[PDB]
There are 2 protein chains.
Amino acid sequence: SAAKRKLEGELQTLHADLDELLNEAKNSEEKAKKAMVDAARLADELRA
Amino acid sequence: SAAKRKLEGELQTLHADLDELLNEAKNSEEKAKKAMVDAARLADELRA
């Protein structure tokens with residue numbers, strides 16, 4: 001009954017840190033897709 | 001005791017899963033570091 005209090009308290013925090021670190025991971029992911037579409041268009045101009 | 005082994009089991013996964021997802025952003029952001037630096041190989045050539 002003691003360790004369940006110490007564990008369930010920590011899991012409720014670490015599940016909240018899942019929410020913010022997943023949000024940055026998507027936000028880190030969309031920078032890569034913004035980079036390549038910038039890389040592709042500048043590749044088009046160098047042909048142009 | 002049955003309530004502990006459920007709770008510590010879930011704590012085993014998500015603490016590893018947050019370690020899993022944080023690897024994925026590093027895998028993602030290093031692709032952005034790959035996708036950016038080769039554009040500079042294209043960018044300097046056009047600027048020349």
# chains A, B, ... in the order shown; residues from 1 in each chain; ligands from 1
$ residues_around --residues "residue 35 (chain A)" --least-positions-apart "3" --cutoff "8 Å" --atoms "only C-alpha atoms" --output "PyMOL selection string"
(chain A and resi 31-32+38-39) or (chain B and resi 32+35-36)
$ interface_residues --of "chain B" --to "chain A" --cutoff "8 Å" --atoms "only C-alpha atoms" --output "VMD selection string"
chain B and resid 3 to 4 7 to 8 11 14 to 15 18 21 to 22 24 to 25 28 to 29 31 to 32 35 to 36 39 42 to 43 46
$ calpha_fit_and_write --fixed "chain A" --moving "chain B" --output "compact mmCIF listing (two decimals) with N, CA and C atoms, in the first residue's frame"
# COMPACT_ATOMS: atom_id res chain seq x y z
N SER B 1 -0.61 2.06 1.39
CA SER B 1 -1.19 3.25 0.78
C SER B 1 -0.10 4.26 0.44
N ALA B 2 0.97 4.29 1.23
CA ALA B 2 2.10 5.14 0.90
C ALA B 2 2.84 4.60 -0.32
N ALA B 3 2.80 3.28 -0.51
CA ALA B 3 3.47 2.70 -1.66
C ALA B 3 2.67 2.94 -2.93
N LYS B 4 1.35 3.10 -2.81
CA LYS B 4 0.55 3.34 -3.99
C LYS B 4 0.73 4.76 -4.51
N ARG B 5 0.76 5.74 -3.60
CA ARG B 5 0.78 7.13 -4.01
C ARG B 5 2.14 7.51 -4.59
N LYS B 6 3.19 6.80 -4.20
CA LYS B 6 4.47 6.95 -4.89
C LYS B 6 4.38 6.38 -6.29
N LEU B 7 3.78 5.20 -6.42
CA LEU B 7 3.80 4.50 -7.69
C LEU B 7 2.86 5.14 -8.68
N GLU B 8 1.68 5.57 -8.24
CA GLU B 8 0.76 6.22 -9.16
C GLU B 8 1.22 7.63 -9.48
N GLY B 9 2.04 8.21 -8.61
CA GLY B 9 2.61 9.51 -8.93
C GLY B 9 3.63 9.42 -10.04
N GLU B 10 4.49 8.40 -9.99
CA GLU B 10 5.48 8.18 -11.04
C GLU B 10 4.80 7.79 -12.34
N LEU B 11 3.67 7.10 -12.24
CA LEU B 11 2.91 6.74 -13.43
C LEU B 11 2.25 7.96 -14.04
N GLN B 12 1.99 8.98 -13.22
CA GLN B 12 1.42 10.21 -13.77
C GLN B 12 2.45 10.96 -14.60
N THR B 13 3.71 10.95 -14.18
CA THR B 13 4.71 11.76 -14.86
C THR B 13 5.15 11.13 -16.17
N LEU B 14 5.60 9.87 -16.13
CA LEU B 14 6.22 9.27 -17.31
C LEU B 14 5.20 9.02 -18.42
N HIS B 15 3.95 8.75 -18.05
CA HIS B 15 2.91 8.64 -19.07
C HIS B 15 2.62 10.00 -19.69
N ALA B 16 2.79 11.06 -18.91
CA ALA B 16 2.75 12.39 -19.50
C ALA B 16 4.08 12.72 -20.18
N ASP B 17 5.18 12.19 -19.65
CA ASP B 17 6.48 12.51 -20.23
C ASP B 17 6.68 11.82 -21.56
N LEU B 18 6.16 10.60 -21.70
CA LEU B 18 6.17 9.96 -23.01
C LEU B 18 5.23 10.68 -23.95
N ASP B 19 4.16 11.27 -23.42
CA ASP B 19 3.34 12.16 -24.22
C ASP B 19 4.07 13.48 -24.47
N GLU B 20 4.98 13.85 -23.58
CA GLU B 20 5.76 15.06 -23.81
C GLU B 20 6.79 14.84 -24.90
N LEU B 21 7.51 13.72 -24.83
CA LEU B 21 8.61 13.49 -25.76
C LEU B 21 8.10 13.20 -27.16
N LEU B 22 6.93 12.56 -27.26
CA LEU B 22 6.35 12.27 -28.57
C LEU B 22 5.89 13.55 -29.24
N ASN B 23 5.57 14.57 -28.45
CA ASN B 23 5.32 15.88 -29.03
C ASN B 23 6.61 16.47 -29.58
N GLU B 24 7.74 16.15 -28.95
CA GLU B 24 9.00 16.77 -29.34
C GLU B 24 9.48 16.21 -30.67
N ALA B 25 9.25 14.93 -30.91
CA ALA B 25 9.61 14.35 -32.20
C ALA B 25 8.73 14.92 -33.30
N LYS B 26 7.45 15.12 -33.01
CA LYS B 26 6.55 15.76 -33.97
C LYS B 26 6.96 17.20 -34.20
N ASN B 27 7.42 17.87 -33.15
CA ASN B 27 8.01 19.20 -33.32
C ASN B 27 9.30 19.09 -34.12
N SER B 28 10.06 18.01 -33.93
CA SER B 28 11.30 17.84 -34.67
C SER B 28 11.03 17.50 -36.12
N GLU B 29 10.11 16.56 -36.37
CA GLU B 29 9.91 16.08 -37.73
C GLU B 29 9.21 17.13 -38.58
N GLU B 30 8.41 17.99 -37.96
CA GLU B 30 7.79 19.07 -38.72
C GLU B 30 8.82 20.12 -39.08
N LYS B 31 9.89 20.24 -38.29
CA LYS B 31 10.99 21.09 -38.70
C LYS B 31 11.71 20.50 -39.90
N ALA B 32 11.79 19.17 -39.96
CA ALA B 32 12.36 18.52 -41.13
C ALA B 32 11.46 18.71 -42.34
N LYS B 33 10.14 18.66 -42.14
CA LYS B 33 9.21 19.01 -43.21
C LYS B 33 9.31 20.48 -43.57
N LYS B 34 9.75 21.32 -42.63
CA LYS B 34 10.05 22.70 -43.00
C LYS B 34 11.39 22.79 -43.71
N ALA B 35 12.37 22.01 -43.28
CA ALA B 35 13.71 22.16 -43.83
C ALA B 35 13.85 21.46 -45.17
N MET B 36 12.91 20.59 -45.51
CA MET B 36 13.02 19.90 -46.79
C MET B 36 12.38 20.69 -47.91
N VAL B 37 11.20 21.26 -47.65
CA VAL B 37 10.39 21.79 -48.74
C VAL B 37 10.97 23.10 -49.26
N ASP B 38 11.70 23.83 -48.42
CA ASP B 38 12.32 25.05 -48.92
C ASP B 38 13.58 24.74 -49.71
N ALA B 39 14.14 23.54 -49.50
CA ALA B 39 15.26 23.13 -50.34
C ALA B 39 14.79 22.85 -51.75
N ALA B 40 13.56 22.36 -51.88
CA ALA B 40 13.00 22.14 -53.21
C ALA B 40 12.75 23.45 -53.93
N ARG B 41 12.52 24.53 -53.17
CA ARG B 41 12.50 25.85 -53.77
C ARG B 41 13.88 26.23 -54.29
N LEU B 42 14.92 25.74 -53.63
CA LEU B 42 16.26 25.99 -54.13
C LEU B 42 16.65 24.96 -55.17
N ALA B 43 16.16 23.73 -55.03
CA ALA B 43 16.60 22.66 -55.92
C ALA B 43 16.05 22.83 -57.33
N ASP B 44 14.78 23.20 -57.45
CA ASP B 44 14.18 23.35 -58.77
C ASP B 44 14.76 24.56 -59.49
N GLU B 45 15.16 25.58 -58.73
CA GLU B 45 15.74 26.77 -59.33
C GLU B 45 17.11 26.47 -59.93
N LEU B 46 17.91 25.67 -59.23
CA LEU B 46 19.19 25.25 -59.81
C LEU B 46 18.97 24.34 -60.99
N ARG B 47 17.97 23.46 -60.91
CA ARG B 47 17.71 22.54 -62.00
C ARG B 47 17.15 23.27 -63.21
N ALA B 48 16.50 24.41 -62.98
CA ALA B 48 16.12 25.26 -64.09
C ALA B 48 17.35 25.92 -64.69
